[PDB]
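J.: So I've got this experimental structure, pasted below with the sequence.
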Amino acid sequence: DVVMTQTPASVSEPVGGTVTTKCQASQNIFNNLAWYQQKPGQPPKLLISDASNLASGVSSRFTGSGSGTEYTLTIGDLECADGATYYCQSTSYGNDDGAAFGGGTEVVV
Amino acid sequence: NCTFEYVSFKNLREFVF
Amino acid sequence: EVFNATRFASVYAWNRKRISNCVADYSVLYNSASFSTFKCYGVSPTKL
Amino acid sequence: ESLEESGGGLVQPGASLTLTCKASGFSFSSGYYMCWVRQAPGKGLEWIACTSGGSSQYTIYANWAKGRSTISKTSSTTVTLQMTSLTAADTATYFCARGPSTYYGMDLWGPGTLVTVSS
Ligand SMILES: *[C@@H]1O[C@H](CO)[C@@H](O)[C@H](O)[C@H]1NC(C)=O
Ligand SMILES: *[C@@H]1O[C@H](CO)[C@@H](O)[C@H](O)[C@H]1NC(C)=O
């Protein structure tokens, strides 16, 4: 099973700034990544799928990039409601690679 | 359908299959 | 020649090939990063 | 649509518990995979297992819970995950999520059910 390391553990950015998160894979995943935003007391909500595609009802501020084993999540124009915990996950469901999550990162406005 | 494929009286050819 | 062919076939009548009695190297497929939709099941790309 | 969980709550240490996820508004077709994921009270998410829908019986287990979880489809709308030898480290919130056949991200997450492993 692939192991996913997400850094930094904690980040703090002002209002309107850009916060970046790095997610690393032990083996090559060939995209198949999903970025999530979880608010306290709420189940995680999808933000980005395939590491480059944005789902319906997702603002253009969230942007996904990277390939191979290094991936990047960028959030521009941070808002007061953006304070949450962000996660990255491989979407290899029946590939024996597993879907192990990485260490969540919290954002402070 | 082809499942397998292979490509490789003075004379007497003796074969056993 | 299967992947970087001159031209692929139409989708309704797709190009059909059979592979057997072969030492198939999946490492060439694995190392190539040009693929963006490597989606399969049952077998991992590294253990293929 | 909607996904709901039932069968959680207080479980004695060293025992086994069964958690069921029920779907509403769709069916567990071969184009969607069930999955189980857990969350420690103050830590991040940890994946558990997944099972392909439809007639396929293909199931995938995590490395940590390979010998301690059992996932199988019982019906097109109800399903169960069973875990054995529960410990205090297993106290977490379980989420039932679906995965599209495109290998896209998790959409339509469940509300989650809290399990407590204590006497
Ligand atoms: C090859 O032969 C028959 C010909 O009617 C075909 O229907 C069958 O599916 C093929 N067999 C295998 C084992 O693929
Ligand atoms: C041919 O296709 C293979 C597919 O594995 C790829 O790795 C390789 O780079 C391609 N070669 C050329 C010359 O296009």
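T.: On my side now, so go ahead. Numbering: from 1, shown residues only, chains lettered A, B, ... in the order given. Ligands and ions are numbered 1, 2, ... in the order given.
J.: Contacts only, for the residue most central in space within chain A.
T.: Taking C-alpha atoms, centre = their mean, the centroid of chain A lies closest to residue A:35, which sits 3.3 Å from it. If a contact means C-beta atoms under 8 Å, 6 or more residues apart in numbering or on different chains, then residue A:35 has A:46, A:47, A:48, A:51, A:62, A:64, A:73, A:86, A:87, A:88, D:105 as its contacts. All C-beta atoms are positioned from the backbone trio N, CA, C, and that covers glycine.
J.: So which residues on chain D come close to chain A?
T.: Chain D comes close to chain A at residues D:33, D:35, D:37, D:43-47, D:50, D:52, D:58, D:60, D:62-63, D:95, D:99, D:103-107, D:109-112, as judged by C-beta under 8 Å from any C-beta of the partner chain.
J.: What subset of those residues is buried?
T.: Among the residues of chain D next to chain A, those buried by neighbour count (16 or more other C-beta atoms under 10 Å in any protein chain shown) are D:33, D:35, D:37, D:44-45, D:47, D:50, D:52, D:60, D:62, D:95, D:99, D:103-107, D:109-110, D:112.
J.: Correct me if wrong: residue A:94 contacts residue C:41.
T.: Yes. Between residue A:94 and residue C:41 there is a contact under C-beta atoms under 8 Å: 4.0 Å.
J.: So for these two, which residues contact both of them?
T.: Listed as contacting both residue A:94 and residue C:41 by C-beta under 8 Å, 6+ apart are D:52, D:58.
J.: Looking at those two, which has the bigger crowd around it?
T.: Set side by side, residue A:94 and residue C:41 show more neighbours around residue A:94, with 20 against 17, by other C-beta atoms under 10 Å in any protein chain shown.
J.: how close does that one get to ligand 2?
T.: Here residue A:94 is placed at a distance of 22 Å from ligand 2 (C-beta to the nearest ligand atom, to the nearest Å).
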